[PDB]
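My sequence and its experimental structure, below.
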Amino acid sequence: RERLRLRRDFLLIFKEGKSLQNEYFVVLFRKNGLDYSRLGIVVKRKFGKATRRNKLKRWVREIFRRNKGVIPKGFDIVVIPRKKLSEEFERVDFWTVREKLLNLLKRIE
């Protein structure tokens, strides 16, 4: 699968894509002309130090990978955690994060 390079495509997705959000996530998305969707994760430095940002990224990649069947195909998708998720990240359970992220991803059109 062609890799989604945020170093090359974040600006394009931000300028030409659409956006959805809830309490925990902003999701930016753009049709990619492919028969599959691709994930990028953009974590602001203030979310936490590297190990914490890496745990968030791991959770998001797991949610995406393990539930690819319900995610609309043909989009480049950028997931951005919000301040409220940073604040609750030490307490929140993975399954709640999963529910909130999949709620958004299923509404991509």
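Nice, I can see it. Residues are numbered from 1 along each chain as shown.

At which residues are the strands of this protein located?
18-21, 25-31, 38-41, 75-81 (DSSP state E).

Okay, now the sheet partners of the last one, with direction.
Partners of strand 75-81 in the sheet, by DSSP bridges, are strand 25-31 (antiparallel), strand 38-41 (parallel).

could you dump that strand to PDB, C-alpha only?
Extracted C-alpha coordinates of strand 75-81, given in PDB (Å, rounded to 0.1, in the frame of the first residue of the first chain):
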ATOM      1  CA  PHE A  75      -9.800   8.700   2.100                       C
ATOM      2  CA  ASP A  76      -6.600  10.000   3.500                       C
ATOM      3  CA  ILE A  77      -7.500  10.500   7.200                       C
ATOM      4  CA  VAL A  78      -5.600  12.600   9.700                       C
ATOM      5  CA  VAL A  79      -6.500  12.100  13.300                       C
ATOM      6  CA  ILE A  80      -5.700  14.900  15.800                       C
ATOM      7  CA  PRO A  81      -6.300  14.400  19.500                       C
END
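
now it: how far from the chain's centre is it?
Its chain's average C-alpha position is 4 Å from that of strand 75-81, according to C-alpha atoms, centre = their mean, to the nearest Å.

Of the strands of the chain, give the one that comes closest to residue 87.
Among the strands of the chain, the nearest to residue 87 by C-beta to C-beta is strand 75-81 (10.5 Å). In this view, the C-beta of every residue, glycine as well, is placed from N, C-alpha and C.

wait, what's in contact with the residue most central in space within the chain?
Residue closest to the average C-alpha location in the chain (C-alpha atoms, centre = their mean): residue 79, at 2.2 Å. Applying C-beta atoms under 8 Å, 6 or more residues apart in numbering, we find residue 79 in contact with 25-27, 39-42, 60, 64, 101.
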